[PDB]
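Structure data (mmCIF, C-alpha atoms) from run07.cif:
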data_final
#
loop_
_atom_site.group_PDB
_atom_site.id
_atom_site.type_symbol
_atom_site.label_atom_id
_atom_site.label_comp_id
_atom_site.auth_asym_id
_atom_site.auth_seq_id
_atom_site.Cartn_x
_atom_site.Cartn_y
_atom_site.Cartn_z
ATOM 1 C CA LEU A 339 1.590 39.712 -4.574
ATOM 2 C CA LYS A 340 1.809 36.743 -6.938
ATOM 3 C CA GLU A 341 5.477 35.923 -6.303
ATOM 4 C CA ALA A 342 7.473 35.608 -3.085
ATOM 5 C CA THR A 343 11.201 35.790 -3.936
ATOM 6 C CA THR A 344 12.947 37.673 -6.736
ATOM 7 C CA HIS A 345 16.396 37.254 -8.253
ATOM 8 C CA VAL A 346 18.279 40.542 -7.871
ATOM 9 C CA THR A 347 21.541 41.459 -9.581
ATOM 10 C CA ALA A 348 22.278 45.226 -9.529
ATOM 11 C CA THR A 349 20.660 48.624 -10.428
ATOM 12 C CA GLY A 350 17.943 46.969 -12.482
ATOM 13 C CA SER A 351 14.203 46.605 -13.068
ATOM 14 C CA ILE A 352 11.898 43.790 -11.936
ATOM 15 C CA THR A 353 8.165 43.194 -12.251
ATOM 16 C CA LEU A 354 5.587 41.647 -9.923
ATOM 17 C CA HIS A 355 1.898 40.762 -10.171
ATOM 18 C CA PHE A 356 -0.706 41.406 -7.486
ATOM 19 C CA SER A 357 -4.419 41.238 -6.735
ATOM 20 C CA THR A 358 -6.487 43.714 -4.742
ATOM 21 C CA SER A 359 -10.113 44.523 -3.954
ATOM 22 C CA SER A 360 -9.877 48.294 -3.637
ATOM 23 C CA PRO A 361 -10.169 50.975 -6.339
ATOM 24 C CA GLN A 362 -7.100 52.619 -4.775
ATOM 25 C CA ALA A 363 -3.813 50.719 -4.473
ATOM 26 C CA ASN A 364 -1.907 52.512 -1.707
ATOM 27 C CA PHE A 365 0.298 49.807 -0.238
ATOM 28 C CA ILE A 366 3.796 48.791 0.836
ATOM 29 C CA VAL A 367 6.179 46.556 -1.111
ATOM 30 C CA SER A 368 9.059 45.276 1.017
ATOM 31 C CA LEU A 369 11.609 44.712 -1.723
ATOM 32 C CA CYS A 370 14.269 42.629 -0.011
ATOM 33 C CA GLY A 371 14.191 43.994 3.542
ATOM 34 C CA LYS A 372 13.157 47.644 3.376
ATOM 35 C CA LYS A 373 9.742 49.124 2.627
ATOM 36 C CA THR A 374 8.552 51.270 -0.280
ATOM 37 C CA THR A 375 5.067 52.705 -0.758
ATOM 38 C CA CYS A 376 3.124 52.498 -4.024
ATOM 39 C CA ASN A 377 0.146 54.498 -5.305
ATOM 40 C CA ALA A 378 -2.362 53.666 -8.042
ATOM 41 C CA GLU A 379 -5.949 54.133 -9.268
ATOM 42 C CA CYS A 380 -7.431 50.771 -10.252
ATOM 43 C CA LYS A 381 -10.416 50.160 -12.560
ATOM 44 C CA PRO A 382 -13.384 47.795 -12.141
ATOM 45 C CA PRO A 383 -13.001 44.506 -14.029
ATOM 46 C CA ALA A 384 -14.872 43.866 -17.255
ATOM 47 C CA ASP A 385 -15.811 40.278 -16.370
ATOM 48 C CA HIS A 386 -18.772 40.005 -14.004
ATOM 49 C CA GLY B 253 -34.500 -25.520 9.247
ATOM 50 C CA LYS B 254 -33.293 -22.435 7.425
ATOM 51 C CA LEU B 255 -32.805 -21.840 3.715
ATOM 52 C CA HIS B 256 -30.697 -19.188 2.036
ATOM 53 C CA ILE B 257 -32.427 -16.274 0.320
ATOM 54 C CA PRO B 258 -30.530 -16.152 -3.006
ATOM 55 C CA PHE B 259 -29.644 -13.206 -5.277
ATOM 56 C CA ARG B 260 -27.849 -11.036 -2.740
ATOM 57 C CA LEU B 261 -28.111 -7.299 -3.428
ATOM 58 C CA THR B 262 -24.380 -6.660 -4.211
ATOM 59 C CA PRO B 263 -22.587 -3.419 -5.125
ATOM 60 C CA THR B 264 -21.502 -2.880 -8.724
ATOM 61 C CA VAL B 265 -20.963 -0.065 -11.221
ATOM 62 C CA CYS B 266 -23.487 1.143 -13.784
ATOM 63 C CA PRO B 267 -23.473 4.067 -16.234
ATOM 64 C CA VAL B 268 -25.650 7.161 -15.949
ATOM 65 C CA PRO B 269 -26.212 9.760 -18.687
ATOM 66 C CA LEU B 270 -24.218 12.977 -18.857
ATOM 67 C CA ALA B 271 -26.494 15.881 -19.729
ATOM 68 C CA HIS B 272 -25.770 18.629 -22.237
ATOM 69 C CA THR B 273 -23.353 21.172 -20.800
ATOM 70 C CA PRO B 274 -25.179 24.412 -19.887
ATOM 71 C CA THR B 275 -24.565 27.733 -21.593
ATOM 72 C CA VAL B 276 -23.583 30.252 -18.913
ATOM 73 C CA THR B 277 -24.243 33.937 -19.593
ATOM 74 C CA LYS B 278 -22.749 36.301 -17.037
ATOM 75 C CA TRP B 279 -24.634 39.365 -15.767
ATOM 76 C CA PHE B 280 -23.351 41.481 -12.840
ATOM 77 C CA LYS B 281 -24.041 39.520 -9.631
ATOM 78 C CA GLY B 282 -25.538 36.483 -11.349
ATOM 79 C CA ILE B 283 -25.477 33.857 -14.067
ATOM 80 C CA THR B 284 -28.139 32.595 -16.467
ATOM 81 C CA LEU B 285 -27.865 28.884 -17.246
ATOM 82 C CA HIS B 286 -29.314 27.851 -20.607
ATOM 83 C CA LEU B 287 -30.345 24.227 -20.172
ATOM 84 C CA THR B 288 -31.251 21.495 -22.660
ATOM 85 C CA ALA B 289 -32.516 18.146 -21.374
ATOM 86 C CA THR B 290 -34.669 15.633 -23.245
ATOM 87 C CA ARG B 291 -35.318 13.813 -19.963
ATOM 88 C CA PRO B 292 -35.928 15.432 -16.555
ATOM 89 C CA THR B 293 -32.561 16.200 -14.972
ATOM 90 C CA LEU B 294 -31.749 17.582 -11.532
ATOM 91 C CA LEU B 295 -30.216 21.050 -11.146
ATOM 92 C CA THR B 296 -29.028 22.022 -7.658
ATOM 93 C CA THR B 297 -27.420 25.350 -6.762
ATOM 94 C CA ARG B 298 -26.002 26.605 -3.478
ATOM 95 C CA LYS B 299 -24.259 29.726 -2.204
ATOM 96 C CA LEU B 300 -20.695 29.355 -0.938
ATOM 97 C CA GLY B 301 -21.158 31.086 2.403
ATOM 98 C CA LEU B 302 -23.020 31.422 5.703
ATOM 99 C CA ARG B 303 -26.529 31.087 4.222
ATOM 100 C CA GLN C 1 -16.003 -5.501 -26.438
ATOM 101 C CA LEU C 2 -13.947 -8.695 -26.265
ATOM 102 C CA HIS C 3 -14.760 -11.523 -28.681
ATOM 103 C CA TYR C 4 -13.720 -15.046 -27.677
ATOM 104 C CA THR C 5 -14.594 -18.538 -28.871
ATOM 105 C CA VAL C 6 -14.751 -22.029 -27.360
ATOM 106 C CA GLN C 7 -15.132 -25.537 -28.742
ATOM 107 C CA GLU C 8 -17.976 -27.939 -28.035
ATOM 108 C CA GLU C 9 -17.977 -29.877 -24.733
ATOM 109 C CA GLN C 10 -14.799 -28.410 -23.292
ATOM 110 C CA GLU C 11 -13.677 -29.315 -19.762
ATOM 111 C CA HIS C 12 -13.558 -27.431 -16.473
ATOM 112 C CA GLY C 13 -10.493 -25.220 -16.135
ATOM 113 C CA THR C 14 -9.726 -25.159 -19.864
ATOM 114 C CA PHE C 15 -8.416 -21.867 -21.219
ATOM 115 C CA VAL C 16 -10.887 -19.490 -22.873
ATOM 116 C CA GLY C 17 -9.399 -16.008 -22.766
ATOM 117 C CA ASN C 18 -6.998 -13.565 -21.147
ATOM 118 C CA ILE C 19 -8.948 -10.446 -20.175
ATOM 119 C CA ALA C 20 -6.038 -8.461 -18.717
ATOM 120 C CA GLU C 21 -3.582 -9.171 -21.545
ATOM 121 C CA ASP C 22 -6.163 -8.255 -24.189
ATOM 122 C CA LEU C 23 -7.527 -5.127 -22.473
ATOM 123 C CA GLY C 24 -4.105 -3.769 -21.497
ATOM 124 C CA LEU C 25 -4.989 -3.737 -17.797
ATOM 125 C CA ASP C 26 -2.080 -4.320 -15.436
ATOM 126 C CA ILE C 27 -2.197 -7.808 -13.925
ATOM 127 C CA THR C 28 -0.583 -7.033 -10.556
ATOM 128 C CA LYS C 29 -3.033 -4.165 -9.901
ATOM 129 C CA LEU C 30 -6.162 -6.326 -10.316
ATOM 130 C CA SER C 31 -6.502 -7.022 -6.580
ATOM 131 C CA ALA C 32 -6.081 -3.378 -5.536
ATOM 132 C CA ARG C 33 -8.372 -2.131 -8.332
ATOM 133 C CA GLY C 34 -10.985 -4.802 -7.604
ATOM 134 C CA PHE C 35 -11.187 -6.897 -10.766
ATOM 135 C CA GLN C 36 -14.487 -8.744 -10.353
ATOM 136 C CA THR C 37 -17.288 -10.229 -12.432
ATOM 137 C CA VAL C 38 -20.315 -7.937 -12.734
ATOM 138 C CA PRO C 39 -23.220 -9.542 -10.799
ATOM 139 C CA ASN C 40 -25.544 -9.041 -13.784
ATOM 140 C CA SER C 41 -23.610 -10.525 -16.706
ATOM 141 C CA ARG C 42 -22.930 -13.872 -15.044
ATOM 142 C CA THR C 43 -22.989 -17.281 -16.685
ATOM 143 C CA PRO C 44 -23.102 -20.790 -15.173
ATOM 144 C CA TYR C 45 -20.572 -22.043 -17.749
ATOM 145 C CA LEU C 46 -17.570 -19.667 -17.562
ATOM 146 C CA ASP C 47 -15.713 -18.181 -14.603
ATOM 147 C CA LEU C 48 -12.604 -16.031 -14.360
ATOM 148 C CA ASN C 49 -9.644 -16.286 -12.008
ATOM 149 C CA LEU C 50 -9.365 -13.040 -10.059
ATOM 150 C CA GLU C 51 -5.574 -13.037 -9.649
ATOM 151 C CA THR C 52 -4.491 -13.890 -13.204
ATOM 152 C CA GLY C 53 -7.350 -12.181 -15.062
ATOM 153 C CA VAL C 54 -7.939 -15.340 -17.119
ATOM 154 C CA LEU C 55 -11.448 -16.486 -18.041
ATOM 155 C CA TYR C 56 -11.872 -20.278 -18.183
ATOM 156 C CA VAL C 57 -14.602 -22.917 -18.339
ATOM 157 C CA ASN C 58 -16.440 -23.590 -15.078
ATOM 158 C CA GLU C 59 -19.043 -26.115 -16.281
ATOM 159 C CA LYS C 60 -19.065 -28.349 -19.353
ATOM 160 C CA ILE C 61 -20.542 -26.347 -22.222
ATOM 161 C CA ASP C 62 -23.699 -28.005 -23.558
ATOM 162 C CA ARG C 63 -24.413 -26.688 -27.055
ATOM 163 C CA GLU C 64 -28.071 -27.771 -26.956
ATOM 164 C CA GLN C 65 -28.885 -26.403 -23.486
ATOM 165 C CA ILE C 66 -27.537 -22.864 -24.017
ATOM 166 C CA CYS C 67 -29.344 -22.340 -27.323
ATOM 167 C CA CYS C 73 -26.761 -17.651 -29.685
ATOM 168 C CA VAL C 74 -23.653 -16.801 -27.639
ATOM 169 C CA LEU C 75 -22.628 -16.063 -24.051
ATOM 170 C CA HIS C 76 -22.026 -12.678 -22.421
ATOM 171 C CA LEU C 77 -20.078 -11.614 -19.332
ATOM 172 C CA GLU C 78 -19.016 -8.285 -17.825
ATOM 173 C CA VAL C 79 -16.192 -7.164 -15.541
ATOM 174 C CA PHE C 80 -15.941 -4.043 -13.395
ATOM 175 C CA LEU C 81 -12.977 -2.277 -11.807
ATOM 176 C CA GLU C 82 -12.819 0.386 -9.095
ATOM 177 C CA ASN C 83 -10.421 3.352 -8.749
ATOM 178 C CA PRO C 84 -10.678 4.055 -11.669
ATOM 179 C CA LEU C 85 -14.256 2.911 -12.360
ATOM 180 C CA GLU C 86 -14.446 0.969 -15.630
ATOM 181 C CA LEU C 87 -16.725 -1.698 -17.102
ATOM 182 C CA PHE C 88 -15.950 -4.165 -19.894
ATOM 183 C CA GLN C 89 -17.955 -6.752 -21.841
ATOM 184 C CA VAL C 90 -16.911 -10.158 -23.215
ATOM 185 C CA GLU C 91 -18.896 -12.124 -25.817
ATOM 186 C CA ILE C 92 -18.062 -15.808 -26.325
ATOM 187 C CA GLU C 93 -19.075 -18.026 -29.253
ATOM 188 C CA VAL C 94 -19.776 -21.750 -28.866
ATOM 189 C CA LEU C 95 -19.181 -23.989 -31.885
ATOM 190 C CA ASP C 96 -21.313 -26.938 -32.969
#

As structure tokens, what does this structure read like?
Amino acid sequence: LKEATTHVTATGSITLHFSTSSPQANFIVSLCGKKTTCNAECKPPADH
Amino acid sequence: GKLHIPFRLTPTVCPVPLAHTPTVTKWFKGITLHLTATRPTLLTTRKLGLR
Amino acid sequence: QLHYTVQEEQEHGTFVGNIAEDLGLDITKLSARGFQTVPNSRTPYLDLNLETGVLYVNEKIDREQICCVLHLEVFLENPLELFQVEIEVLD
């Protein structure tokens, strides 16, 4: 992930940035103590 | 006797030319450098790893 | 880049120019930055004080012997810079 700590108020939405080397993004975000899995299908980059 | 040998070879600064900046075209696992140099200029490349 | 002038048969230690005050270089940083005369552009008639950055007369300026002007260069390290001074002698 790009960032380390996030300001959290209540029942809201936040965004994070990340970098990966796999076409699949099946990983675990530990938002503020507990874990939560995330699934994706990433594309190859345009820039060589 | 001994005499001094004058004109000691001392450190100093002195300008060198800066060549024309290459044009880098990007292809897959590689780059093509387009190079312009009126005088012979040194290009040195190395890989950032074990070999 | 600097342009200075002197009169004819001046004396040793007489003021010629202030390199640091004219170039904007900080005077108290001259020792740490290494303000020094370039070994090429040296003259047997003008020398500069290292601490004050002031160029003065070292030897009495003979108008007939030196001729038509005089040139000197200074160099400084961290950052690396070079400067040139050209001095006219009157008749």

I would like the residues chosen by the PyMOL selection byres ((chain C) within 8 of (chain B)) on the shown file; could you give them as a PyMOL selection string?
chain C and resi 38-39+80+85-87

Hey, which of A:353, A:379, A:341, A:347 ends up closest to residue A:365? Count all atoms listed in the file.
A:379

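Here, the PyMOL selection byres ((chain A) within 12 of (chain B)) matches residues 382, 383, 384, 385 and 386 of chain A.
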
Specify as an mmCIF file with C-alpha atoms, in the coordinates of the input each residue included when the PyMOL selection byres ((chain B and resi 275) around 8) is applied to this file.
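out_14.cif, written as the output of this step:
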data_model
loop_
_atom_site.group_PDB
_atom_site.id
_atom_site.type_symbol
_atom_site.label_atom_id
_atom_site.label_comp_id
_atom_site.auth_asym_id
_atom_site.auth_seq_id
_atom_site.Cartn_x
_atom_site.Cartn_y
_atom_site.Cartn_z
ATOM 1 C CA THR B 273 -23.353 21.172 -20.800
ATOM 2 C CA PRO B 274 -25.179 24.412 -19.887
ATOM 3 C CA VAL B 276 -23.583 30.252 -18.913
ATOM 4 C CA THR B 277 -24.243 33.937 -19.593
ATOM 5 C CA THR B 284 -28.139 32.595 -16.467
ATOM 6 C CA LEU B 285 -27.865 28.884 -17.246
ATOM 7 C CA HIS B 286 -29.314 27.851 -20.607
ATOM 8 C CA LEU B 287 -30.345 24.227 -20.172
#

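Separating atom CA of residue C:12 from atom CA of residue C:61 is a distance of 9.1 Å.
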
What does the distance between atom CA of residue A:344 and atom CA of residue A:361 come to in Å, to one decimal place?
26.7 Å

Could you please determine the separation between atom CA of residue C:54 and atom CA of residue C:83 in Å, to one decimal place?
20.6 Å

Select, counting only C-alpha atoms, all protein, DNA and RNA residues no farther than 10 Å from (-11.5, -6.9, -20.5) in file coordinates, and express the selection as an MDAnalysis selection string.
chainID C and resid 1:3 17:25 35 53:55 77:81 86:90

Sphere at (-10.6, 54.7, -3.8), radius 12 Å, counting all atoms listed in the file: residues as number ranges by chain
A: 358-364, 377-382

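Compared by their closest atoms to residue C:43, and using only C-alpha atoms, the residues C:4, C:95, C:74, C:27 rank with C:74 nearest.
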
Coordinates of box centre and edge lengths for stretch 64-76 of chain C, 5 Å on every side, axis-aligned, as AutoDock Vina command-line options:
--center_x -25.7 --center_y -20.2 --center_z -26.1 --size_x 17.3 --size_y 25.1 --size_z 17.3
